[PDB]
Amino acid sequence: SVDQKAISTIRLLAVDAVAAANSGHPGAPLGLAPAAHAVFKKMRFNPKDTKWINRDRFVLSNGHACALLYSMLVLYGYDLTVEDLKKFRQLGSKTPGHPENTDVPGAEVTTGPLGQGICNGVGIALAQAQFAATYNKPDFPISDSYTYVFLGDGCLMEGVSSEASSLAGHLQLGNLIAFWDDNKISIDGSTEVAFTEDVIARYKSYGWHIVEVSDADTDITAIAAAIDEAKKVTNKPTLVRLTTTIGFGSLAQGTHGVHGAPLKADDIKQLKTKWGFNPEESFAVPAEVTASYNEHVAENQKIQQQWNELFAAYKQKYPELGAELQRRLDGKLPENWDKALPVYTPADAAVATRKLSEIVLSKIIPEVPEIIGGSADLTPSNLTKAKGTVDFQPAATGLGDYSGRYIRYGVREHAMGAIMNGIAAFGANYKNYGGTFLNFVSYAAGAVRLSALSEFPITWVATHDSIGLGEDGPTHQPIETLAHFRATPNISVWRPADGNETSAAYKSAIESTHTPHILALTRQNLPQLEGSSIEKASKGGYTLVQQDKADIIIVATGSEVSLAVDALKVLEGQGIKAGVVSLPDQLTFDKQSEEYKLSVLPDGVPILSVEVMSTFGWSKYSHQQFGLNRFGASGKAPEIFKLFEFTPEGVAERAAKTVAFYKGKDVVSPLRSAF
């Protein structure tokens, strides 16, 4: 039949792509081609408009199987061709070895690190539910789309998927439909060696619906029926167990050897002949398959055409909501939204930057509907919920509604990070955030790095940033954390010192379209600084205290800026004139012009950095570094700062030693380099 021919075409495109690269993963593509065919025939999508907001989304969580995804995208006439498949895994191609949303048309997210994609799918589904609850009206199903996810044994072993699956079951996300490739094979061989749990029983315990397809190597009727069944269960996410043979059809089917290396040439020949293809031909695309797939595309395009008319009618019937929706689909924030940001003066009281963050959120959430967010069981510590908002919960629980704006993630940092990526991936200008203690952002490193690689504007509200948290002690006190994330490409790591800097950090985070943000915030109160403003802090680094005859400049962040200002006064009594630079975000600063940066960190003066965490990175901006390169301590925070000499006198001592060290030397800016 044409469906059989399409499945064979998909299988053989994937195997031929792996063969051409002499690299990659043929096994799962062979096993999942029937399911991919069946799912894409149920999905609504436009290959010519990858951003249609009411499309169904597909996520390949087992991202090593991407030759399968690329084959589907090529067959459906996305902006990806057979010529691109021939360049699978080749430098610069549109067909990288794991799918990247920035590079691959029709890749919703970046997968490959196992477990991430299913969590991203939870976030896409969460966003769809929130979006539909916000905009749908009687006779106006603006949003009614599904989220389809493929995942394998590896994703099911990774703890992040357990976190997200527990939460998705709690949230009753009935438009999520996941498919487990139950092939009993991983890299180390049989799943009997390490993965003998009853997966289905576990998913029932989370509140998921289950459909089992015992013959998923051939039974596309049953796979389609499983989707129909899942769509009837509106209050539970569904897991479809696809019992498959890894590498189906290969001489090596059902073995670990077919997982992750190219097939032998003779094996590819026998595949082709068994399925009616020419063993001498590669990258065959039968025109009847193209015709069949084109029919589905044309039908989907008529569905989108009708949706566009529905949207026009919605704008007439609901003028305010319609204009809001249009603005969001255009990628634009509300005009002058930033006038809601709080502004402070040096006469205002000292405030912890976690509390300043609460105040910002309180002002901007009512002004910017596309802001949603939550905390990983730290709501009263991170201060992430605006008073008078409702939680995102299924109404059946009585605990919230899908129109709610605040997510109770539970103690699930890693899944929170990957769910945030899915919310961002949904689109519609969502600007979403997640709170935890800074030290436990590290639990989510797998997802955070993907936020950076995927260019998603997510925000971590990362409180309790240092030894300033005090008594909880060294298991809770960051040392390496900012260095880790600053060393990752494309992460904006804001460590605001005061109220105006906190507002600048949020301005950056909310305006972002391609860069994730981490906001490192204090437990403890900090003074409002003389010289700070949103305008200057928005440059990432700025001169707080200008001293035209400086003997030294002190560059600092966060809680250490006030310390530097106090040290300046001690130094004046020692006959040393200092300037102060505040560097709330190194990435934003780095992106400023060379001339601006040199105005902040000039030639001809020693520069000392002060930040109560690792000194890594700081030589970009300073000649000498005063930091904390050992673990912390459990005690009252002021006593810990005194122990480690992060005091005005301790900073002054090191500044005076820095001045003396450079006596008789020629000093150029740390910004200079040889190449």
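Here the rigid core means the biggest group of C-alpha atoms that line up within 1.5 Å when the two forms are laid on top of each other. Note that residue numbering follows the sequence shown and begins at 1.
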| property | result |
| --- | --- |
| Of 489 to 497 and 384 to 392, which departs more from this form in 7 other deposited structures of this protein by CA RMS after core fitting | 384 to 392 |
| Greater Cα displacement in 7 other deposited structures of this protein once the core is superposed, comparing 397 to 405 with 375 to 383 | 375 to 383 |
| Mean Cα B-factor comparison, 91 to 99 or 429 to 437, giving the higher one as deposited | 91 to 99 |
| 481 to 489 or 381 to 389, whichever carries the higher mean Cα B-factor | 381 to 389 |
| Residue of maximum C-alpha B factor among 400, 276, 123, 473, per deposited coordinates | 276 |
| Among 494, 406, 337, 150 - the residue whose C-alpha B-factor is largest in the record | 337 |
| Ranked against its chain, the third holding the CA B-factor of residue 372 | lowest |
| For residue 318, the third of its chain into which the C-alpha B factor falls | highest |
| Record-listed C-alpha B factor of residue 345: chain third | highest |
| Residue 53 by Cα B-factor - lowest, middle or highest third of the modelled chain | middle |
| Residue 624 - Cα temperature factor, lowest/middle/highest third of chain | middle |
